[PDB]
Structures are given as C-alpha cells and as structure tokens.
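A.B. asks: Chains M, B and A are the protein sequences, given in the same order.
Under PDB author numbering, residues 134 to 743 are what the first sequence spells out, in order.
Under PDB author numbering, residues 4 to 377 are what the second sequence spells out, in order.
Under PDB author numbering, residues 4 to 190 are what the third sequence spells out, in order.
We put the beta carbon where it would ideally sit given N, CA and C, even for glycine.
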Amino acid sequence: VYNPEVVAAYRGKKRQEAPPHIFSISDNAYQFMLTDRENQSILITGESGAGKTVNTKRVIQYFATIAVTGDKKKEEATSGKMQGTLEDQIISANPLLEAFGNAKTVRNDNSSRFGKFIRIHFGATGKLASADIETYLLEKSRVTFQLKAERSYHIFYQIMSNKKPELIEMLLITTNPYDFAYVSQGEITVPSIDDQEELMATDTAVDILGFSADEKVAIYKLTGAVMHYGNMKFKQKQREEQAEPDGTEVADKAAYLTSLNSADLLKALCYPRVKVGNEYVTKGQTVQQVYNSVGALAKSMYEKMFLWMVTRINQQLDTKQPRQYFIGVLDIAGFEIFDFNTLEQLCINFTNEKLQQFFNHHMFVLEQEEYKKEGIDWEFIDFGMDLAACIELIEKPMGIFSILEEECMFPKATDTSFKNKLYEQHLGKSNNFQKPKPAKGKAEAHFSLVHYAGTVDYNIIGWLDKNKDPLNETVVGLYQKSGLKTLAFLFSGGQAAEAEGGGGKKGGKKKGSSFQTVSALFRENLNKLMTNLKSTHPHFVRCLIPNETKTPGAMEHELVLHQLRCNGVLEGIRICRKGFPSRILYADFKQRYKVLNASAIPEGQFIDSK
Amino acid sequence: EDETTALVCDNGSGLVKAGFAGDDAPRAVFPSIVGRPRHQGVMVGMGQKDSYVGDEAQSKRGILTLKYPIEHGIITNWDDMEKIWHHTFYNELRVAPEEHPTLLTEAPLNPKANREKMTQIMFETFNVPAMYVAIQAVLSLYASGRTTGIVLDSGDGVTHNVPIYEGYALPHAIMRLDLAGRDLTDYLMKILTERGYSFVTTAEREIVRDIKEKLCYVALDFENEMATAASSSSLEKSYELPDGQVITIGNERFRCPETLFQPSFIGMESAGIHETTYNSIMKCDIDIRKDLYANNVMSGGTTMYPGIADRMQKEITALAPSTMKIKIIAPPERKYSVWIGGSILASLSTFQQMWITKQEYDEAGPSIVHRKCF
Amino acid sequence: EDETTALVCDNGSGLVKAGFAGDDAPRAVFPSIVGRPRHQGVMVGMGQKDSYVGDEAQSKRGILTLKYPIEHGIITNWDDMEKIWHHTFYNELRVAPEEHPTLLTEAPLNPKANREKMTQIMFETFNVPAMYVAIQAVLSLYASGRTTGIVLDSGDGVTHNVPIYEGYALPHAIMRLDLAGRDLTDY
Numbered sequence: 134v135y136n137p138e139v140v141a142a143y144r145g146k147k148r149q150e151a152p153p154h155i156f157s158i159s160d161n162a163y164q165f166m167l168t169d170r171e172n173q174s175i176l177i178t179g180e181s182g183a184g185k186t187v188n189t190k191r192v193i194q195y196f197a198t199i200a201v202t203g204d205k206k207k208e209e210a211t212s213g214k215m216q217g218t219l220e221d222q223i224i225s226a227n228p229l230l231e232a233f234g235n236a237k238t239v240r241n242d243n244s245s246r247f248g249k250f251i252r253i254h255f256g257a258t259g260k261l262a263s264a265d266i267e268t269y270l271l272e273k274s275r276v277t278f279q280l281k282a283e284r285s286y287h288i289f290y291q292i293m294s295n296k297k298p299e300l301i302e303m304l305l306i307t308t309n310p311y312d313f314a315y316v317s318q319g320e321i322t323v324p325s326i327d328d329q330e331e332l333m334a335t336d337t338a339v340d341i342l343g344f345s346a347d348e349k350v351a352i353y354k355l356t357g358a359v360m361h362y363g364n365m366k367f368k369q370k371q372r373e374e375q376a377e378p379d380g381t382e383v384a385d386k387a388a389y390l391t392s393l394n395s396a397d398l399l400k401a402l403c404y405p406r407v408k409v410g411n412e413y414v415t416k417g418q419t420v421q422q423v424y425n426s427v428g429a430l431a432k433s434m435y436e437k438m439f440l441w442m443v444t445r446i447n448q449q450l451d452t453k454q455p456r457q458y459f460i461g462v463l464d465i466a467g468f469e470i471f472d473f474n475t476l477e478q479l480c481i482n483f484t485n486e487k488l489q490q491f492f493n494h495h496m497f498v499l500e501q502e503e504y505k506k507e508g509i510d511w512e513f514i515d516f517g518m519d520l521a522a523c524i525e526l527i528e529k530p531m532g533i534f535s536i537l538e539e540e541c542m543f544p545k546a547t548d549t550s551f552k553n554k555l556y557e558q559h560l561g562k563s564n565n566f567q568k569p570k571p572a573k574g575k576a577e578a579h580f581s582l583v584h585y586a587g588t589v590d591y592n593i594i595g596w597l598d599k600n601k602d603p604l605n606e607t608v609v610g611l612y613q614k615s616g617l618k619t620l621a622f623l624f625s626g627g628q629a630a631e632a633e634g635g636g637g638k639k640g641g642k643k644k645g646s647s648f649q650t651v652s653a654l655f656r657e658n659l660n661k662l663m664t665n666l667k668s669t670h671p672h673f674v675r676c677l678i679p680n681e682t683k684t685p686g687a688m689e690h691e692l693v694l695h696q697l698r699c700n701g702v703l704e705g706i707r708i709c710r711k712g713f714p715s716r717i718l719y720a721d722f723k724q725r726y727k728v729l730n731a732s733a734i735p736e737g738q739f740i741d742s743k
Numbered sequence: 004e005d006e007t008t009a010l011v012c013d014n015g016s017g018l019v020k021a022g023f024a025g026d027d028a029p030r031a032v033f034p035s036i037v038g039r040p041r042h043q044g045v046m047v048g049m050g051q052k053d054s055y056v057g058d059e060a061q062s063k064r065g066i067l068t069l070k071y072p073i074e075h076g077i078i079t080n081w082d083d084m085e086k087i088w089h090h091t092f093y094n095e096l097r098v099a100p101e102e103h104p105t106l107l108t109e110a111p112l113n114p115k116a117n118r119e120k121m122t123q124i125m126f127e128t129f130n131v132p133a134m135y136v137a138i139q140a141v142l143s144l145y146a147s148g149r150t151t152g153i154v155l156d157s158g159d160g161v162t163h164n165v166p167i168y169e170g171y172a173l174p175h176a177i178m179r180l181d182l183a184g185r186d187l188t189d190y191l192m193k194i195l196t197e198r199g200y201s202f203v204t205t206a207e208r209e210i211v212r213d214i215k216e217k218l219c220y221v222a223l224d225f226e227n228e229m230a231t232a233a234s235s236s237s238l239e240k241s242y243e244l245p246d247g248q249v250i251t252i253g254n255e256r257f258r259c260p261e262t263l264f265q266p267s268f269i270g271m272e273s274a275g276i277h278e279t280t281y282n283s284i285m286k287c288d289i290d291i292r293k294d295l296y297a298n299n300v301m302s303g304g305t306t307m308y309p310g311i312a313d314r315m316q317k318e319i320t321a322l323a324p325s326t327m328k329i330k331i332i333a334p335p336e337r338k339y340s341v342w343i344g345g346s347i348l349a350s351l352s353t354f355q356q357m358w359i360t361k362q363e364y365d366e367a368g369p370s371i372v373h374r375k376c377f
Numbered sequence: 004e005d006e007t008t009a010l011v012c013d014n015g016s017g018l019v020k021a022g023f024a025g026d027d028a029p030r031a032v033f034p035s036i037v038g039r040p041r042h043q044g045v046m047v048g049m050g051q052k053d054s055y056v057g058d059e060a061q062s063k064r065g066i067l068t069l070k071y072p073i074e075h076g077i078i079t080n081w082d083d084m085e086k087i088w089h090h091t092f093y094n095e096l097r098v099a100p101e102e103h104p105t106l107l108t109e110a111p112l113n114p115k116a117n118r119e120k121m122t123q124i125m126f127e128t129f130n131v132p133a134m135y136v137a138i139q140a141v142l143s144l145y146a147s148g149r150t151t152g153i154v155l156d157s158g159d160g161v162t163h164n165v166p167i168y169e170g171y172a173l174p175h176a177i178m179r180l181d182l183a184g185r186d187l188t189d190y
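#1: Would you mind telling me which residues of chain B sit closer than 8 Å to A/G65, beta carbon to beta carbon, in chain order?
#2: According to DSSP, is B/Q356 part of a helix, a strand, or is it coil?
#3: Do B/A206 and B/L18 come within 9 Å of each other at the CB atom, strictly closer than that value?
#4: Use the C-beta contact count for M/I706: other C-beta atoms within 10 angstroms, 16 or more gives buried, fewer gives exposed.
#5: Excluding sequence positions up to five away, which residues of its chain have a Cβ less than 8 Å from the Cβ of M/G532?
#6: On the CB-based measure, 16 or more other CB atoms within 10 Å of its CB, does M/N600 come out buried or exposed?
#7: In the DSSP assignment, what residue or residues form a beta bridge with B/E243?
#8: Give the range of the alpha helix (DSSP H) segment to which M/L440 is assigned.
#9: How about the segment 174-181 of chain M and the segment 668-688 of chain M: do they share at least three Cβ pairs that are nearer than 8 Å?
#10: Just to confirm, are B/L180 and B/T162 a CB contact at a threshold of 9 Å?
#11: For M/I514, count neighbouring C-beta atoms within 10 Å of its own C-beta (all shown protein chains included) and say buried if the count is 16 or more, exposed if not.
#12: Given a cut-off of 9 Å, decide if B/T353 and B/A133 are closer than it, judged by their beta-carbon atoms.
#13: Pick out the complete alpha helix (DSSP H) segments inside the segment 176-251 of chain B, 4 residues or longer, and give them in chain order.
#14: How long is the line joining the alpha carbons of B/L223 and B/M315, rounded to whole angstroms?
#15: Taking 8 Å as the limit between beta carbons, can you name the residues of its chain near A/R30, skipping five residues before and five after?
#16: If you measure from the beta carbon of M/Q375 to each beta carbon in chain B, is any gap under 9 Å?
#17: Using a Cβ-Cβ cut-off of 7 Å (strictly less than) and excluding sequence neighbours within five positions of M/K432, which residues of its own chain qualify?
#18: Is the distance from the Cβ of B/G38 to the Cβ of B/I87 below 9 Å?
#19: Does B/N299 come out as helix, strand or coil in the three-state DSSP assignment?
#20: Give me the DSSP bridge partner(s) of residue 424 of chain B.
#21: Distance cutoff 9 Å, beta carbons only. Does A/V37 sit that close to anything in chain B?
#22: Taking 8 Å as the cut-off, is the C-beta of M/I301 nearer than that to any heavy atom in the ligand GTP?
#23: Count the other C-beta atoms from every protein chain shown that fall within 10 angstroms of the C-beta of M/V187, then say buried if there are 16 or more, exposed otherwise.
#24: Go ahead and label B/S241 buried or exposed: buried means 16 or more other beta carbons lie within 10 angstroms of its beta carbon, across all protein chains shown.
#25: Mind checking the segment 25-54 of chain A against chain M and listing, in chain order, the residues whose C-beta falls within less than 7 Å of any C-beta there?
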C-alpha cells in the first residue's frame, strides 16, 4: 500500500467510491478545503506507540502528490529544486519531541503526553506553502510527580546514561538518579535497556535540524536545571514559620547552571517581594509554599523550554511562500484507564471528553445537512449534550477542578476534606459523579465518574499538591534578567498582559502570582486548543492496536474493546442509533428486495421507484 | 474573568492596609489620617483642596491639622472615613467597587452602629456587588495558618484578645482592653517633657509615633533595665528631627512600652496585656487552656516592638502553671496579618457563598450584618 | 465460609465492648457517649458533624455537651443509640450486618420495650440474618467457666444479681439494685 497508483486512483472521489483508507479522508479534507475555502483538522486519537506519525507521513506523502500545481506555470512540480522533496525533517522532528514529551507509562513504553498540532499550510491555489508545529497541552506535572511504576520523560533518563564527561562536567549531572528527588522511584532501569545510543541518535537529529552545538549544550543545561531544583532542601526552622535553606551548594550549582546570584535567589525564593502599589514589601512563605514555588518553577521552566523548542523547530521549517489556509493534524493521547487513576488521568479524560464533544457536534451537523439534502425535516437533540453534563461536572466554579482549586488554597486542607466537600457540594446532585461506598477491597478508589467510555474510578491521593503551581513574580523577574541568553529568552513573559492597559490588573492577566493551579493552566490551554479546533472543519481517524506482540494474524479482542470504549467509536454507534443510521436508495431498495412482497409491488408500469 | 477577585481593606486606627484578595501582600498601605489646612493660604493658583488624605497629609504636615477619624475602634466622623475609602479605590488601587466584592475588618466588642453604618456606606456610597465585615483577630489567626490559639491583637486603635479552639470562638472569653499604640504615642510625648522636649501639635505628635516605631523596645525586665540606666550608654540614642534638632532619649525609651504591662503609668486600673490574656484563658473551658497557653498569637501594629514576645513569655510563665510549656508565636510581618487573613479568607470559594450581597441589603436593610456575620 | 462467625456487642451504660464470636477478647472498647457541639463554631471548613460518637467525643470534650443514651439500663434516646451501633459496625469493626449474626447483651429486670425496640432496630435499621438478646449475668458466668454460682454484675449502668444452679435460673430470686458506678461518679 501507499504507492503512486493508489494515491492517483483515490483523487477527487467520495469516501464510498473507493475502499477505506486515510488517503480518502485526506481527499475529503483537501476537497472540502478547496471547495468551501475553509481550514480543516484531522483528529487522531492516541493509541500507543501505534505508528500514528508514520501514517501521518503517508498523509503528508498524499498531500505532496496532490498539491503539485497551482498559480505558477512551471513551478518545478516534480523535484522542486535540486532536491525539493517533502519536509523529510518531519521524521527528524519526532525523536526530539518524543524524548521531550513522551514517557514510559503502564499503557506503553512510548506514550505522548503533549498535544502535537501539525499545521500543513497551503496557498489559495492548493499548493504547499510550508508547515508549522504547535504544541498545546503538556503533562508538565509528570516532570515533578510520577505514577508508581512509570518513567518521567525519556529525555532525563537518556541524558543520564548517554552523556559522557565531555558534556556531563559542564552540566554537573554525574550523580546518577539517586541524587535527584524529582526522579521518583529511582532509576527505573528497563530489563535489557542501554538507553544511551538513543540520545546519540537524538543529538545527531538536533544537529541535522540546524541547531548549534552551543544551543544543544544550553538546552541540556536547562534539562539539568529542571532536575537540580529537586535537590534544594529547605529546612523548617524551630518556631519560625518561614524556613530557610542551610545548604548553599545546590543553589550555587543551580546559579552556575543558570545565571543568578545565589544571595538574591536565596532571598527571592525564601522571602519574595510583592508589588504593593507602588512600593515593594516582603512576604513570608511557609516551607510547603517554598517547596511548591520550587515545583512551580520546575514545571514552568520545562513548559517554557518546550514552547521555545517548538518555536525554534518552526524556525528551521523554511517558508518559501505566503499561506492562505491550513490543514491541522492533531496527535494527542487518547482517553486512558489505569487501575490507580490520578490527577493527570482526570486531565487527559477531560480533554478527550471536550474533543469527543466536538466529534458529536460535527456528527450532529453532518446528519442535519443530510436530512435536509434528502428533503426530510427532522428535529433531534445535539449529541454533544450527551457529554455536556460530564464536562460541566469537571469544569465551572462548582466543578471538580474548581473545588480542588479552592481546597489547595484552604489554610489546612486535606485529601479527605477535598472528597467530603465535593460529596456535600455536588456529588448527590450529579448523575455522572458516583461515590462507590463499599468497604476496602471492593472500592480502593475514592470516587467514580461516568464518561463516554464508561465508569472511571479515581484515587485522590496527593491531588492538592499536584494541583498547586504558585509562581513567585520576584524569581521569574530574576530569570528575565539572565546573563545566559537562552534562559532570558525563554522567560520573556509569554503572558502578553503588560501590553494591555499597561502595568496594572485590567483583565489582561489571569491568576498570576500566588494561586495558579495546574488545573487552571490545563483548562486555559485546553480552551485555546478547542477554540482553534472549533474554527476548522474536523475529520476523524481512530487508531487501534491488535496486540502487544508486534506481529499480525493475532487480534486481541479485549484490547480492541478497551480501545473502542476510550476512542469514542462505541459512542458513535449509540449516537447513530438515536437517529436513522441506514440509508438506502429507492432504486437499490426496489432492485435488491423485490422478492419480499410480490403482492404489494405490482406490474412493470410501477416505475419512478418512490 | 473567573471569581472577579475581591478587595480586602483593613482599617484599624493609624493605618489603612488595602488591596486585592489572593494577593499575599496588599496594594496600598498608608496612614488613616485626614489633614485639613488650618492656616489660610495667600497665593493664587493653589489647589485649593478641602483636605489631604494619606501620605499627601504626611508630606505637607506642618501647614495642616491632622485628624484620625477612627478613635478606639470607633469611627468619630464619617466624611473623613468616606474620603479614606474614596482615596484607596481611586488613587492607588484604580478599580471600580462595582467590579469587586469588598471585605472589611472590624474590632472585638465594638458598637453595632460601626458595622451597620459601615455596610450602609459600602452599599450606598460606592456601589458594590457584595461585602463582608470580619473580626480582626480571627483573620490574623488565618494568616498564621492556625486552627487553635489565643490571639492578642493590638493596633494604634485598641488592644483586643480572642481565644479560638479548632475554629469556633468563645464570646464570653473575648476581652477588650482600651490601650492602643496611640495612647502610647500620647504617653511618649508626655514623658519627653521630663527631658525638656515639648511637642504639642498633631504634626510632631506623629514624629513621636515615628520615634515609637523604631527606637522603643520592651524591657526584658523593667527594674533591672531602669537600674542600669544610671550609667547611660546603649540605653541612650540620638534621633534627628526633620527640623535638624537632635533629640537624645534614655530610660524614657523603654518605659513607654512598659505602660502595656503597667497601665498604672497611664492612670488606668485596667489590667496589663499579660493579665488580660490570663483573664481570657480563665474564662475559657478547662481542657482547651493547655493548647491556648502554647498557641498565643501576636498581631497588629503595637505588637511590633522588640522584647514583647520574650516578656509576655516570662510573665505568662510566672503567672500560669509551669506544668505545661508556655509558647508564644509572634511572627515577623505581624502588622499585616489581619490583611493577609482577609486576603486568604476572600480566596476561599466556600466563603464566596458567605458574602453579604447587594440584593440581601436592598431586600432586608442595614441590620442584617448581625444576622449573617460576626 | 463456615459458621459465618458472629458479632457480639455489650452495651451496658458507660462502655461499648464489641468484636467477633470465636475471639476470647474484643476488637473495640469505647465509651457509650454521644457528644453534640453546645457552642456554635465561627470558622469556615469545619466538619460540620451533628455529633461525635465514642472517643472523638472523649478527645474534643470541652466544646461539647455529652449525653449517655443508656441510663439505669434503659435507652433514653434512640437516635443517639443508633449512632453508637452505626459507629461500631462501620468505623472500628468494618463489617456489613448482612453478613453476620448479632448477639446483644441485656439487663436483669428491664422494661420489655428495651428488648422489643432493640430487636426492631437490629432487624429494620441494619439488615441482619439473625440476632439474640441475652441476660448479662449468665454471660459472665459462662466467661468464668462455671455451671453454678451467684453473679453480682455491675456497670456504670445498674447493679444486678442473678443466682444460677447447674444451668437453669431462679426468676423470683433475681434481684435488681439501682446503684451504678455512674451514681458513684455523681457521688
């Protein structure tokens, strides 16, 4: 499959006029983009490891053989230049993003924890203009906090094993995974893994993408710096609430790796100054607030590195021409189910519930236009209203994330308190939220949600301090003044607000300083992704993996059921059963089925077929 | 935007502390003074201005006569107070009260009219969606993150004492002691005349307040420190007036805060801050005394002097049973703890259903403050 | 499983003693008190809780007013008593009464309504396959391994005296004396 003949054979036809394929779905998207002159989005649900990007390379191969002719008569429609192939560096882009944003999880050894949005950009004449990569969602919590039997991002482990003295001495990371308190569960050596070579291939991939050795070392200094934060050990002082950090060495080691004076970092982190209109007064932080500030600085540094990295990746994706419109391709995780389901699992399920609601709305409009094309006015409920109650349970001022957001700012807050307050406030009023209620061994999990895939039972343990991301404006304002170019450029605000109404609170800044939860940032990024997707016409690919084995002729039925529940295919079948799913022509209905009813169907004068 | 946010304002006598909720430090801090021009001015092109509020009054001090509107926790004039709230909202904060729920702080054992008129001015002068009035000592407990403790709260307003146990409150064991930092200011100018330093107008009365908030300290034992004041050395300190007059103060310097522990010096029978704390603990139930003795919290503006915690620990340890260990938690930043307590309180989503709304005021009138809150 | 075990609960005034049949000693022993909060609390994020039962009431004692529900062997209020049995089953023991036969102890010369209402609460509040109510003094004789004896049984409930001879019982020679350890507390 995927030869020149097969792509030539599909061209310009409907999806029922040639066999099932991705190229057919991309033909619908390309033809709709040219016909209706609007942007489109391909949404691919994250099963494994499943070669999703490899199939997307075939989608890119399809777009290349279609889009060879536009406005410019003789524009090198064959070889483009000397070697004007595709963006073959899209292959090279994956190990860089994959190391940074994929991790070994209980579901798979390579699972994507970011929303990769590939924008293939076209002129008004259907030709390629260029491409950009955007990244939206990220499990930035996974850097600091992990599950009980999973790795953090691959980049950390492959850095630790790969890097020789040649680069280790410059980063001061020779101390192995037992030094770093943010590497939970220790090393997590996979049986017969060397790691090591994988980052030689990755470092070569970075250099092929045209980035300098200096940039590559500077990037890996900051992937050390995110880890180095967890080696800083604040000590709760006798009587005094504030605490202090006795051991300078880790701060001095961090100062060398960054840009900061140790004395000013130690003051700024322990006893920050806050702008009191227009003076600056110091604030006491408890030992818990200082550790949360260090965690927020780690999570926000990695977030900023990833956002810089995608921007820097776009700067090596050359743009030969202006662009008029785009095809989006979304590569993100699917809905996940584990035994132990924690906070990041609720966040993943929440994005999939909103993405699936967009599928349900698209299915509603597609059915409604088809009802009108056949002359049948029929009124029916939106299918996105099946999921609306689950979305509004998680979302909104009275929902799960808001109650978690209240509880993490409560002066003596507990995991038990969060669950009881949510029970009293919202559980007994919400059909899709269940409190299980058996004794231990039948209900280890602490509350249950009913989603499109079915019931998912959650363990609340540690959600409050996972949720916290409070960010000290003094420490951020030290990082803005960095003598190392890379860190100053990364910490260049990125919030836009100080341009809107000038230097005040005029609505253009969110909760920034104190407050700031991962749930708010996740909701904010998700709303940005959903607005960009809602501004396009979507098309849907659902990937399944038939086995763990990696070889065909075996299809594991239970795995296929779990994937069908999580990817929304089982929802789409229950949706079309609300409507009328089977649609047969008057000619076909007469010609295939005359044998039924000779008594009803008379003579050869009975033409018209209606 | 989500929550809209909220505004928190602390207005014990002497200092306004004000800003948004969930900001940890405030967004304005300035003195609660209204300064009117006593001397007629003869120039063309001046102002004119009826009065100067806050630090404009601090700056232009010598022309003026300065009035505190809040005396002993009681608002003595309400145009002067309205101008202070008008000034916070529109000069430093630059907000419309129409955007923001407003939390105000209020004092233990205060006349009902202070709550009832304060809610009327917030609802009918500066149009506001919702508001609340909250007891000062409970807010300072919230700032130090505690569920249990006895709070000794004292401004340039009055001294208040509230015992608290695992939340709750004991209304019969709340004590009010009418000694403020302001009475210490009047005591300080009265003692200074023994050394010939006569200060008589409100302008240099705040110069002795400025002396009070950085030269004064509490003697770690009074008679011992007064005895060594025979051999003047570290006990005397030079001080510079904005005049250029040099002022040197001695035993005088520590016998001004001593008045909190010896109210005989200001001529009042009313027992000292250690004794009033003991009086509250004796009114409290027998069991909860064990933790109240070991969870004494100090807040406010006139608990800022060096040696207060150390001295209160000696005097409470001497009076109390020594079978249990007296522990006082008097943090730095304690001048702002009532405001920090309000900024955390207004950031609680459960407390966002506990506001007094504009609609409830419009339906049921000013008296409803004591029907929903403390 | 064989036998299904059984649950045994002693609830003379002052102390609940509870656990499984087949043990020689109980799993939960705690005071028969229901402690309601007399003083209104002014904080946000507290509880609230109508009442504290057992040793939560012992711990948080000074805020509360404490009520014994059983006075002189008589149950004086039944929501307070239901809460004590709800607490034994679901907090310390962690059992469903649906799984277990429940044995309760009861006092010599007690009003019929104490047995008759006690069986109703066990059958209709906490669904149970079977139950029994048994006289306190005969149980203490069984514990002491004797077939014959005169039992002087006294709690913080009331003082009861039962003579027994080679099993049996003599109903006319059973004596009740309304002096308890609780009246000694007041004394």
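C.D. replies: In terms of the structure at hand:
#1: Locating residue 65 of chain A in the third sequence gives position 62, counting from the first residue. Ordered by position in chain B, the residues that pass the 8 Å Cβ test against A/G65 are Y168, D288, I289, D290, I291.
#2: Stepping through the second sequence from its first residue, residue 356 of chain B is reached at position 353. For B/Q356, the three-state secondary structure derived from DSSP is helix.
#3: Walking along the second sequence from the start, residue 18 of chain B turns up at place 15. Walking along the second sequence from the start, residue 206 of chain B turns up at place 203. Not closer than 9 Å, so no.
#4: Along the first sequence, read from residue 1 onward, the residue named residue 706 of chain M stands at position 573. Exposed, because fewer than 16 other Cβ atoms sit within 10 Å of the Cβ of M/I706.
#5: Sequence index remark: in the first sequence, residue 532 of chain M carries index 399 (1-based). For M/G532, where only same-chain residues beyond five positions count, the Cβ hits under 8 Å are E525, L526, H559.
#6: Reading the first sequence from its first residue, position 467 is the one you call residue 600 of chain M. Buried.
#7: As a working mapping, residue 243 of chain B is identified with position 240 in the second sequence. B/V249.
#8: The count along the first sequence starts at 1 and reaches residue 440 of chain M at position 307. 420-447 is the span of the alpha helix (DSSP H), which, as asked, contains M/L440.
#9: Cβ pair count under 8 Å is three or more, so yes.
#10: Within the second sequence, numbered from 1, the residue matching residue 180 of chain B stands at position 177. Within the second sequence, numbered from 1, the residue matching residue 162 of chain B stands at position 159. Yes, they are a contact pair.
#11: Position 381 of the first sequence, counted from the start, is the residue given in the question as residue 514 of chain M. It counts as exposed.
#12: Within the second sequence, the letter at position 130 stands for residue 133 of chain B. Within the second sequence, the letter at position 350 stands for residue 353 of chain B. In this structure, B/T353 does not lie closer than 9 Å to B/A133 by Cβ.
#13: 184-195, 205-215, 225-231
#14: In the second sequence, the residue the question calls residue 223 of chain B occupies position 220. In the second sequence, the residue the question calls residue 315 of chain B occupies position 312. If I take the Cα positions, the gap works out to 9 Å.
#15: Locating residue 30 of chain A in the third sequence gives position 27, counting from the first residue. Closer than 8 Å at Cβ, skipping near neighbours: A21, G22, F23, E95, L96.
#16: One-based indexing of the first sequence puts residue 375 of chain M at position 242. Yes, M/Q375 counts as interfacial toward chain B.
#17: Looking up residue 432 of chain M in the first sequence gives position 299. Only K273, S274, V276, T277, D602 meet the Cβ criterion.
#18: Here the question's residue 38 of chain B lines up with position 35 in the second sequence. Here the question's residue 87 of chain B lines up with position 84 in the second sequence. No, they are not a contact pair.
#19: Position 296 of the second sequence holds residue 299 of chain B. In the structure shown, B/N299 sits in a strand (DSSP, three-state: E or B).
#20: No statement about residue 424 of chain B is possible, as the shown extent of chain B runs from 4 to 377 and does not include it.
#21: Here residue 37 of chain A refers to the residue found at position 34 of the third sequence. It does not: the Cβ of A/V37 has no partner Cβ on chain B nearer than 9 Å.
#22: The ligand GTP is absent from the structure shown, which contains no ligands of any kind.
#23: Counting from 1 along the first sequence, the entry for residue 187 of chain M is found at position 54. By the 10 Å Cβ count, M/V187 comes out exposed.
#24: Working through the second sequence from its first residue, we reach residue 241 of chain B at position 238. With fewer than 16 other Cβ atoms within 10 Å, it is exposed.
#25: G48
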